[PDB]
């Protein structure tokens, strides 16, 4: 018996007392962060114990048991290498290799304010393991990356049926044969989707509803808002105004939709800010069936998550979608600011961010990273989990 104690002899080398930093280094290598919310109680009790004790703060069996008894379940999984990527220490070295090789990719043209030398990669696994390399804490806008997220919110609140009364499920002209936009990843679809979220309420409260929803998936990491970007998208969004009026003409919005107001809302949502780190948790929530991996909170119905990953796969890269789903085989969404919201189902989320776009408007370093990643690891949607050639499988040991 004695769970908290089983752990205790695992981290102490058949010794009497664990040094506090040694437990912390043991914890940090599992990829978890000490700032992890599922660890607060443990980590508070740890700071308080350093506080009520002497300088050479060392934890005996009984004191270790006191701090860890509150989060022993997660702490046990973390230390028994039961997390989805057990040798997380090695995996992140490869993510570094992938980052550096993707960094030497110099091409591309920034949309038109940011520097073409920003290049950030954040990883968040379905179990909470974090890794980052490059400029991962800079705020940028989701832009078209918000489209999966707000479609998820719509489906989570209204169900696959209702949302898909107003938008289709097939890649793409503005409307398909049923006089609905083809799919919610294209602008015409996103605008109708935006017209479903929190109807009746006004755009100020709508925007807060989606803001708090994104906060839940980001594990309460940074979800911001660039009003500066908002002004530009609404001043030079002539293309979207075209879509808005056309949608209005073909009666695509729900009953009583203030079309010009839905467009302003829509311009706001494209202007929501994230960092690589915060958004990689958002991705990971989609990877994790709707449960935010660093909180354990259910944020999205599995219905909603499955749908969003589905359409991200078939419609998230626009015309490149067939090519991208062929070589990468991961659901992903792209953004003019240079972000790739990338989901490896059941394993992890990622955000890549390099502001230089390629000819198709996808961050060059992102796309190069995404290819490189699936080259290396058997994460392609149709790699075998048993016979995966010479690819490495992060999910296994030895």
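Residue numbers count along the first chain shown, from 1.
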- Extent of unmodelled deposited sequence, residue 239 relative to residue 238: none
- Note on the structure: Going from residue 77 to residue 78, the deposited residues skipped in the model number none
- Of 336-344 and 43-51, the one with larger mean CA B-factor: 43-51
- Greater mean Cα temperature factor according to the PDB record, 53-61 or 33-41: 53-61
- Which one of 319, 127, 273, 277 shows the top CA temperature factor in the record? 319
- Query: For residue 15, does the deposited CA B-factor place it in the lowest, middle or highest third of the chain?
  - Reply: highest
- Going by the entry, which third of its chain does the Cα temperature factor of residue 386 land in? middle
- Message: What third of the chain does residue 114 rank in for C-alpha temperature factor, lowest, middle or highest?
- Response: highest
- Note on the structure: Assert third(CA B-factor, residue 164) within chain per record equals lowest
- Query: Taking the entry's C-alpha B-factors for this chain, is residue 192 in the lowest, middle or highest third?
  - Reply: middle
